[PDB]
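In what follows, a structure is listed as structure tokens, so that the remarks can point back to it.
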2 protein chains.
Amino acid sequence: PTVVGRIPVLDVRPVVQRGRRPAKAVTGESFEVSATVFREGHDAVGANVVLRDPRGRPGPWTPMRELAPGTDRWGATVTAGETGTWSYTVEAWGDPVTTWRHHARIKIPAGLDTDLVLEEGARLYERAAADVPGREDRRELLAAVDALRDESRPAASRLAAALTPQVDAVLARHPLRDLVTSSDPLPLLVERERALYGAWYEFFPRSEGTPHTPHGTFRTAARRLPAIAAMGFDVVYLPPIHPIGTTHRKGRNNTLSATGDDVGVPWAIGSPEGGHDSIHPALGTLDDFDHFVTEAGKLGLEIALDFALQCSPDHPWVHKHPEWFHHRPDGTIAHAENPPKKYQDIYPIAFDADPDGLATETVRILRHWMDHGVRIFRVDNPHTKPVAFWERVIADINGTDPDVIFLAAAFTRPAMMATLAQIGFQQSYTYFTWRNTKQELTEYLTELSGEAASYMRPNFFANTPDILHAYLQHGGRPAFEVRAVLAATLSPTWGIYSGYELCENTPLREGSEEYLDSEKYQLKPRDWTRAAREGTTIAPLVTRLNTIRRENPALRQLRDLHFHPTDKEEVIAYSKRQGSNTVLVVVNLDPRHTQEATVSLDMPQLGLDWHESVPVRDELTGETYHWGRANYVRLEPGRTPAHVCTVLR
Amino acid sequence: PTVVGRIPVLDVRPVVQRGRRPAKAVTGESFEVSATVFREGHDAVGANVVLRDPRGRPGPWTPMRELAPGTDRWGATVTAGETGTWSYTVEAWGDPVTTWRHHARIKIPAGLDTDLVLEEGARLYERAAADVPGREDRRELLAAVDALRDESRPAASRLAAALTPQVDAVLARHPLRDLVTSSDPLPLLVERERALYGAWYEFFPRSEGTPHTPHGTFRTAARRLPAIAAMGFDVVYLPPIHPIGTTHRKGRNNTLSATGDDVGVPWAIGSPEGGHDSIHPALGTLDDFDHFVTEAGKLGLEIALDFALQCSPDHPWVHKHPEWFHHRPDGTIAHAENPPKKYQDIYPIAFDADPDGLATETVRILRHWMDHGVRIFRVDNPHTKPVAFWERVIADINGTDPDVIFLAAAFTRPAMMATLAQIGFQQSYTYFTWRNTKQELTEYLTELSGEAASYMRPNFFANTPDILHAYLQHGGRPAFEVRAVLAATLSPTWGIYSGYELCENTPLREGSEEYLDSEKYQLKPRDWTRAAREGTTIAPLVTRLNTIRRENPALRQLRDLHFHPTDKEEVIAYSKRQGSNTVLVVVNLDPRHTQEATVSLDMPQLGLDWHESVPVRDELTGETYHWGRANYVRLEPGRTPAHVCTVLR
Ligand SMILES: OC[C@H]1O[C@H](O[C@H]2[C@H](O)[C@@H](O)[C@@H](O[C@H]3[C@H](O)[C@@H](O)[C@@H](O[C@H]4[C@H](O)[C@@H](O)[C@@H](O[C@H]5[C@H](O)[C@@H](O)[C@@H](O[C@H]6[C@H](O)[C@@H](O)[C@@H](O[C@H]7[C@H](O)[C@@H](O)[C@@H](O)O[C@@H]7CO)O[C@@H]6CO)O[C@@H]5CO)O[C@@H]4CO)O[C@@H]3CO)O[C@@H]2CO)[C@H](O)[C@@H](O)[C@@H]1O
Ligand SMILES: OC[C@H]1O[C@H](O[C@H]2[C@H](O)[C@@H](O)[C@@H](O[C@H]3[C@H](O)[C@@H](O)[C@@H](O[C@H]4[C@H](O)[C@@H](O)[C@@H](O[C@H]5[C@H](O)[C@@H](O)[C@@H](O[C@H]6[C@H](O)[C@@H](O)[C@@H](O[C@H]7[C@H](O)[C@@H](O)[C@@H](O)O[C@@H]7CO)O[C@@H]6CO)O[C@@H]5CO)O[C@@H]4CO)O[C@@H]3CO)O[C@@H]2CO)[C@H](O)[C@@H](O)[C@@H]1O
Ligand SMILES: OC[C@H]1O[C@H](O[C@H]2[C@H](O)[C@@H](O)[C@@H](O[C@H]3[C@H](O)[C@@H](O)[C@@H](O[C@H]4[C@H](O)[C@@H](O)[C@@H](O[C@H]5[C@H](O)[C@@H](O)[C@@H](O)O[C@@H]5CO)O[C@@H]4CO)O[C@@H]3CO)O[C@@H]2CO)[C@H](O)[C@@H](O)[C@@H]1O
Ligand SMILES: OC[C@H]1O[C@H](O[C@H]2[C@H](O)[C@@H](O)[C@@H](O[C@H]3[C@H](O)[C@@H](O)[C@@H](O[C@H]4[C@H](O)[C@@H](O)[C@@H](O[C@H]5[C@H](O)[C@@H](O)[C@@H](O)O[C@@H]5CO)O[C@@H]4CO)O[C@@H]3CO)O[C@@H]2CO)[C@H](O)[C@@H](O)[C@@H]1O
């Protein structure tokens, strides 16, 4: 057997780890399948993509086209349907009809061997007819055969009868394919829509209490859910909801010693009251948690829980499973580190004494929360547990419950980030918060929407409890507005951490990305009613962005994204498309100064002629403009962060 | 199982068609094996390459290093030995000693838990000692253990005794490796030296005749061999040596009708006198061919025959095996084309009626010439026969005779060129003749010496019977000198077609790359004795270039090549290295005007300090210079095409 087939079809993409891991999609998502296809000699080739579903049923006829002249790189768009494990193949073939037409278009006018050329055509069309299933299609081709062979008609008329649009249609649907050659199947894992598309809101339930009981419960925190749904969110991410240790508990502002009433850090999980399968007693009971999940569900909100595989020193595991920790010669366990950050309140887990016990217990815990309606987990610090451990855990959970979504909070180096996505994490956090200039955004999004999209689905959190970027610190409310527009329009999944709406931007100190008086170490009551009354919240802009996303299918996908040039360093422009829906976005990245620029649209990329002019509506204001190849924009921080425009038809 | 191991080792390179085809090397050749290696958490990792020979014997200890900070991309140089099918693996591991040192270097000065840290070290060094085979090495590590545990000495002195250079040496050779994880083996095909390295000379034996018998024979053409060996060539490439058809024979200058004594084109193979297994009767007999091969061998010359799988209309196959040709509806066979070039003297072969018969007969023909000492074949127009056909033929021949070298004359698009090399062609022709500016040469050679070197070995013919580039047409003798220096110093395999030495550069017409009065269509006697006597040949420069190659191992490899900046568009500089041999080349690409430039050497790339100064000898002149970071050069066309300098050691 030869590696290469009769008609070479090589290096089919997407591919992940050389075919050993699936490429990714979600239901309704379109992506490009490509390949290198060519043949020996000068005759034409064709190619097509056969996408097969979980029961092996092939999809529709999907012909490919050469993507750029001279490259022999071919492509076509496919669309994923129902969830499960799919496969895709590229078929390549000699295209004798195209070859014959090209010869005939030249030889018939020149008068060179014309009876012979037309007779060659007739025999091809005869072979074409025989392979066609439809009876009226077959009759069309046989009529062209007889016209080709009618030696009483002039040569140019006999030929023209084989080149009608009615004949082209039969052959475009059922072409004559010589020497059909297949690639080996590549795997595709199709997951639910929420894995790619959704808006996320993070808050601490304990902060939403009362004057008489400052520490919030699930019952009091449920009152926040209606406002979260009104801002157009789909997922509520809760920090750890378990008991919190007392030994080495941290105080306010990440000080080493907790005082009397200090609540500690939710990530320091475990006490005598319970571990990862228990509820913090100040939050309420498991029953109260069910009522919270039920109320969320009625508002169209899914709950995502933090899963943080680590322990306070008071966690039951410390004595029940000592072999799950690394001990030093004196018996002590070294607290976790991520230098120069120290985590004196927690122990990390060791994996090499009892890997089986840890995996068994991990999937038991996840299944417990799954039984109470949690179908999404934000996995804290996945990059400090072994990569193969997560691969096992995710395969075990998704083997019985393929709807469960895991989000990797992998704030680490690129290779680990990529690997975690490739071994099965449905979503990843990204370097988004550290991409603020036009060049940084353009480069990074070109990476995320290109090759990485076959294995990674990004979740653009504009802030997190650990990340208040200098851009927001120095820019104030106009910077919050810019980052919300960017996050919501550049990824189909974005999110914010509570307080973002209020433009909370006071850092711990200069050159830090921590918040002053961080919610991680203290209760943080906020006057939501007052901020709404006084207009000192950007909640309306957040709400409008989420409504724009819900109404424009182009913003519910990742891969179709193009950047259009402007003549100002501070102004960035881009478009996204999905069927007949086109969204065009222009953002002023300067939060202090007004910017005027000329935006020069690559018009072919919008499906339009260079000289054309199209109406657009800015969905932030309701204003209509008329934009063509070159358009003046004026963007004033505080009044207009950006234009977010739909192309009107 | 999990796809990912305990310590991730991912994306090992080189790789060809995802591991389904071997990467390439030759005996004595060095190349880099690389991989992505990292682990969870902050602790250090190490890696090493295990290269295994055809009997499975592992090579020496080959530790890898991280190639650039923050990339997690690791590499090391391996060297191929004996010919055959090898394999390579990357092993990755936790490096606990490096981890412990990094902690100890900080914690011991700071005074934090010092007894505990040193006791942790002692236990690691104890584990290290146990795995070491040498008895004096083991004693060194156990002495460091006792020093680490001596609680009567100060902490900094106990530590320092574990960090001596004597201890470092033991651990660099025999490190303590945790959680050793392997990649899956990748294949490596190691071929003989000639596949990568050699100088080739093409000539037509029929042109080397006498006054009484103008059509040369093998007996008369053997008298040309001594001068070919004196120019330092290793391979003689002969155009087809078979009978030549009479039907549609071409005349002089590619005219359609041959006159009385016109000899025709060697590539129009076959007559009633025989086919591809026969000798043209005007060349002599098989016995005369054996004498020619024997005389070549005595001069250190190997013969390479053209194998051109195509037929004149008089070839016996036309009537014996009609199914080996495509016939039109009237029974005629269309002559071969490569438009707008027409080949009215030949028929192409069709492969889909009798693929088995064609492969069987093809390997029979090749084996016949192999029995008469031909171990190298130049395959004409491989890109017009199926790719899988060559894959089958090459695997069959190399399965019994792995020393046979096939050279692909694939003047075609990049994808086909690459694929032919990947399916087993030992060597390829390249786009060299169409790379003449500094930018064109720098870009193309960076491609050939980088990733393509794992599957392709280039043969730089400065001219061929079908390619006289405009650069040579317009530049005259100074241009011939430049292209010879470039070809001989940039690839370990180069060649010329006879007449290049004489600076034959008259084209068929303006804008053509054909020669006027081409040797393809006529006998071309050359007065070699007269040109040598009159100094109108660049044979001496060719001879010197080949001697320089024979004396400098850096010029007998491909992969180690670096371009150094100059401040003139017409002056190009580069270096090549192999062990302690370094060659530096500076070429003036202007054949009409003298060029003076400053050559600014990247000194670290030569293994040297920025402020250093090193003696070099120009091997073209014998002159010695002293060159550092910045060097004036003056290059005058006709006197000095280039400097070809060795670094004196
Ligand atoms: O008796 C029979 C017959 O015998 C004789 O004929 C023999 C010859 O003696 C024998 O040597 C041989 O020669 C054939 C050869 O086998 C054929 O393939 C063909 O090759 C020609 C070719 O047809 C020409 O067009 C020309 O192509 C060059 C090109 O000029 C040059 O620029 C370059 O181009 C490549 C470029 O450098 C690359 O970068 C790349 O381009 C990329 C772009 O960069 C990218 O941006 C994007 O656009 O994609 C592009 C790729 O698509 O690729 C470019 C090419 O694709 O290289 C090409 C290819 O080398 O020159 C070649 C070489 O001459 O014809 C010759 C000559 O016939 O076989 C015949 C038959 O046996 C005798 O001569 C005859 O009279 C007798 O009848
Ligand atoms: O009760 C216990 C504990 O609870 C709390 O702590 C929690 C947190 O609440 C929880 O969220 C989480 O946070 C951890 C996180 O899991 C850790 O990974 C870590 O992450 C930090 C990180 O340590 C920082 O260094 C910083 O990293 C950024 C970096 O600043 C940023 O610039 C960027 O860097 C990447 C760069 O952008 C890329 O281009 C590329 O760079 C390339 C270069 O381009 C190339 O030229 C060459 O140089 O190679 C480079 C590659 O190396 O990659 C760069 C990546 O290195 O991205 C990095 C990574 O995101 O910030 C991150 C994020 O904060 O620490 C956080 C915070 O602790 O887990 C803990 C524990 O449960 C509570 O806070 C604590 O007090 C309590 O004790
Ligand atoms: O369509 C979105 C846009 O709609 C509305 O804009 C309208 C303007 O408000 C209105 O005035 C008009 O625009 C005129 C403009 O008034 C006029 O002054 C002129 O603009 C000049 C600048 O004055 C000049 O400084 C220079 O500015 C830039 C230049 O654009 C840039 O390419 C580069 O060279 O730097 C220069 C200096 O910074 O040139 C421009 C013209 O190119 O001409 C404008 C053309 O019409 O009409 C607008 C609607 O078409 C909204 O008010 C606005 O917020 C929305 O963004
Ligand atoms: O080492 C290899 C080299 O050895 C020999 O060169 C020596 C020369 O023979 C010798 O004369 C001397 O070179 C002097 C030169 O004589 C003197 O004129 C000066 O050169 C000036 C140019 O006159 C001036 O036009 C300008 O030229 C370039 C410049 O180099 C370039 O960087 C750019 O700016 O364009 C300019 C315009 O074309 O500047 C240069 C000086 O930078 O100084 C030279 C200093 O050396 O010493 C040479 C050293 O060995 C061989 O003769 C020669 O063939 C070999 O290549």
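Numbering, chain B: per Swiss-Prot, residues 15-663 in sequence.
Structure determined by X-ray crystallography, 2.3 Å.
Placement of Cβ uses the backbone N, Cα and C atoms for every residue, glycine included.
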Swiss-Prot alpha-maltose 1-phosphate site partner of B:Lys264, B:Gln324, B:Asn395, B:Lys534, B:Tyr535, selected from B:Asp359, B:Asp574, B:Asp581: B:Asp359
Mapped DSSP class for B:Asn395 (alpha-maltose 1-phosphate binding site), helix or strand or coil: coil
C-beta crowding around B:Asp480 (site 'Transition state stabilizer'), within 10 angstroms: 15
For B:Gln324 (alpha-maltose 1-phosphate binding site), the three-state class that DSSP assigns: strand
Same chain, 6+ residues apart, C-beta under 8 Å of the C-beta of B:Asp394 (active site, nucleophile), given in sequence order: B:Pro254, B:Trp281, B:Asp320, B:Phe321, B:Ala322, B:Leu323, B:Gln324, B:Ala423
Rounded inter-Cα distance in Å - B:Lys264 (alpha-maltose 1-phosphate binding site), B:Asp480 (site 'Transition state stabilizer'): 15
From B:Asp359, B:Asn395, B:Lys534, B:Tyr535, the binding-site residues whose CA lies within 10 Å of that of B:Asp480 (site 'Transition state stabilizer'): B:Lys534
Residues satisfying Cβ distance under 8 Å from B:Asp359 (alpha-maltose 1-phosphate binding site), sequence separation of at least 6: B:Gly259, B:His262, B:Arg263, B:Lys264, B:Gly278, B:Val279, B:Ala282, B:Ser326, B:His349
Nonlocal neighbours by CB distance (under 8 Å) for B:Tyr535 (alpha-maltose 1-phosphate binding site), same chain, sequence gap 6 or more: B:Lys264, B:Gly265, B:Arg266, B:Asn267, B:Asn268, B:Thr269, B:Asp276, B:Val277, B:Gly278, B:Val279
Where the record names B:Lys264, B:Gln324, B:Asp359, B:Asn395, B:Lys534, B:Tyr535 as binding alpha-maltose 1-phosphate, the maximum Cα to Cα distance in Å: 19
